[PDB]
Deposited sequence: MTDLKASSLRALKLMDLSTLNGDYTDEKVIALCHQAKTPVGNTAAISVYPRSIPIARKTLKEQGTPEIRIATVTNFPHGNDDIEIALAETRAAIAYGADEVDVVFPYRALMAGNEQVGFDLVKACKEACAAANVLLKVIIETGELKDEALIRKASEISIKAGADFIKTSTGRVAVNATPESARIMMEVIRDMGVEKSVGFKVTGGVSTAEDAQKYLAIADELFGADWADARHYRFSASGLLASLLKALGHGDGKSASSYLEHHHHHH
């Protein structure tokens, strides 16, 4: 049932694209069939987004942002400072980029320490931390699993495929691998999964949700455990739903 999956996917979106653009994003998040789970903006845009969401009567739409982004550099102090600033701006959620090049160079420890430091900041402010591992740069299945594992161990609240800023973003395969790690680690209660990119259409979204359904059961993928972001996806979902 494409309509049923499209509605579910819509309510799982972190919708992402000046003040005019932020304000328009917020408006777009309030759709005729429901609200997206969140909007995603740069940290500096959080205050104006919060005001806009409030003014339009959608205060429960979450505000997510990005730090250590999009590079995934291995400077913990910079990543942490950015994350504290995101929090101070008013983020509900911070999507931090894992130091994936460092892991490809054999340094697992800095990924652990970077995620942990950011998680600690987030948790003290009741902010969720997503960790972007950049599956499209890691490429290798074992590296995708290791990055996922290190992120979970360090306290990620979500593991996320991609920044959306490299040539290769989510695929069904990388999504499967990452959700298999959640399952294999036994952390499906505490750790969500987010697809970024590779999900252009309603039909695509249905497939991604089906993976989660098959691994965890059909009730698992609520907004605390599953999110989507991709250019064009909202329009495709709305079209499936007749808008």
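Q: Could you spell out the stretches of the deposited sequence that were left without C-alpha coordinates, going in sequence order?
A: Those stretches are 1 to 2, 20 to 24, 251 to 267, listed in order.
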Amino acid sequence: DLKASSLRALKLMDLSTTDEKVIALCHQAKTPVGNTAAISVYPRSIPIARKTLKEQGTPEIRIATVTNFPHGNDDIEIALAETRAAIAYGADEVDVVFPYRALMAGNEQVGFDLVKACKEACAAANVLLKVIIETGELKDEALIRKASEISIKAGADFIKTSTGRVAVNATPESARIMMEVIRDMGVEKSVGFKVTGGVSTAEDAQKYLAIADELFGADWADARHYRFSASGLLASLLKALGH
From here on, numbers count along this sequence of modelled residues.
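Q: Read off the CA B-factors in the entry, average them over 165 to 173 and over 88 to 96, and name the higher stretch.
A: Mean C-alpha B-factor is greater for 165 to 173.
Q: Which of the two stretches, 62 to 70 or 197 to 205, shows the higher mean Cα temperature factor in the record?
A: Between 62 to 70 and 197 to 205, it is 197 to 205.
Q: Whose C-alpha has the highest temperature factor in the PDB entry: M179, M185, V41, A218?
A: Max CA B-factor in the entry, restricted to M179, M185, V41, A218: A218.
Q: Can you tell me which third, lowest, middle or highest, the CA B-factor of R101 falls into for its chain?
A: Ranked within chain, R101 CA B lands in the lowest tercile.
Q: So where's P32 on the chain's Cα temperature factor ranking, which third?
A: As the PDB entry reports it, the C-alpha B-factor of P32 lands in the highest third of its chain.
Q: Looking at the C-alpha B-factor of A142, is it in the lowest, middle or highest third of its chain?
A: Answer is highest: the recorded C-alpha B-factor places it there.
Q: Is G57 in the lowest, middle or highest third of its chain when residues are ranked by C-alpha B-factor?
A: According to the entry, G57 has a C-alpha B-factor in the chain's highest third.
Q: Give the position of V22 by CA B-factor within its chain, expressed as the lowest, middle or highest third.
A: For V22, whose C-alpha B-factor we compare with every modelled residue in the chain, the answer is the highest third.
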